[PDB]
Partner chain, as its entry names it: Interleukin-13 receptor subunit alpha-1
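Given as structure tokens, the chain that follows is alone and in the form solved without its partner chain.
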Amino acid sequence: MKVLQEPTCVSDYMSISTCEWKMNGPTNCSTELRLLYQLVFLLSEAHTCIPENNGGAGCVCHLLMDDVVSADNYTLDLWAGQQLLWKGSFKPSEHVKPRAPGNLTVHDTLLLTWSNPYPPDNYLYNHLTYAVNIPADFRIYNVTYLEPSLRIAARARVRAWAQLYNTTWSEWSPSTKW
């Protein structure tokens, strides 16, 4: 057993942080491997994540995050039984896939409302810019103010981008028909 492609992680910057790796030869991750991790901070405790299978040779871990701030950095250790396979670290804030926006409602004026999925005390609270798609062919609308609304006169879904570097688009929201 050997690591073919070293662990790589992507957090939603609040609660979850998905770490994936590929292996030389097929593994049952659920049984053979165990990935321990510890937030690099005084008097913390390491914790245990039992992985799952992404095909034969590939594994995936949903590490629980106690929220994430920029400063955070975690020590990752991959074990097979009692054999260390791999040593490493990662900052979750450094590879981000934003969570999807929420309850997309409708309303002269045509008002669309949604929920920012992050709470007031979170960094992504006021660092999300929204994209709105509008059947046959469509048209987009880039919302770049803090308010999660849109107005006009005369499928329909919403997504989210974050003011970061190693970022991507959120999944689309549940969609309504105007």
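Residue numbers count along the first chain shown, from 1.
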Residues with no coordinates between residue 134 and residue 135, taken from the deposited sequence as a class
4 to 9
For the step residue 107 to residue 108, what size class fits the number of deposited residues with no coordinates, none, 1 to 3, 4 to 9, or 10 or more?
4 to 9
Higher mean Cα B-factor in the deposited model: 63-71 or 135-143?
135-143
Higher-B stretch (mean Cα B-factor, as the entry records it), 40-48 or 110-118
110-118
Can you pull the Cα B-factors for 160, 16, 156, 9 from the entry and say which is highest?
156
Residue 55, C-alpha B-factor rank within chain (lowest, middle or highest third)
highest
Going by the CA temperature factor in the PDB record, which third of the chain does residue 170 belong to: lowest, middle or highest?
middle
Ordered by C-alpha B-factor within the chain, which third holds residue 98? Give me lowest, middle or highest, please.
middle
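Keep in mind that the form deposited with its partner chain bound is not shown, yet the notes after this line are about it.
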Out of 60, 150, 36, 57, which one falls within 4.5 Å of its partner chain in the deposited complex, going by heavy atoms?
150
Evaluate residue 115 for contact with its partner chain in the deposited complex, applying a 4.5 angstroms cut-off between non-hydrogen atoms, and reply yes or no.
no
Is residue 18 close enough to its partner chain in the deposited complex to count, meaning some heavy atom within 4.5 Å?
no
Should residue 142 be counted as a contact of its partner chain in the deposited complex, where contact means heavy atoms within 4.5 Å?
yes
So, residue 163 and its partner chain: in the deposited complex, are they within 4.5 Å at any heavy atom pair?
yes
If you apply a 4.5 angstroms heavy atom cut-off, which residues in 52-79 are near its partner chain in the deposited complex?
none
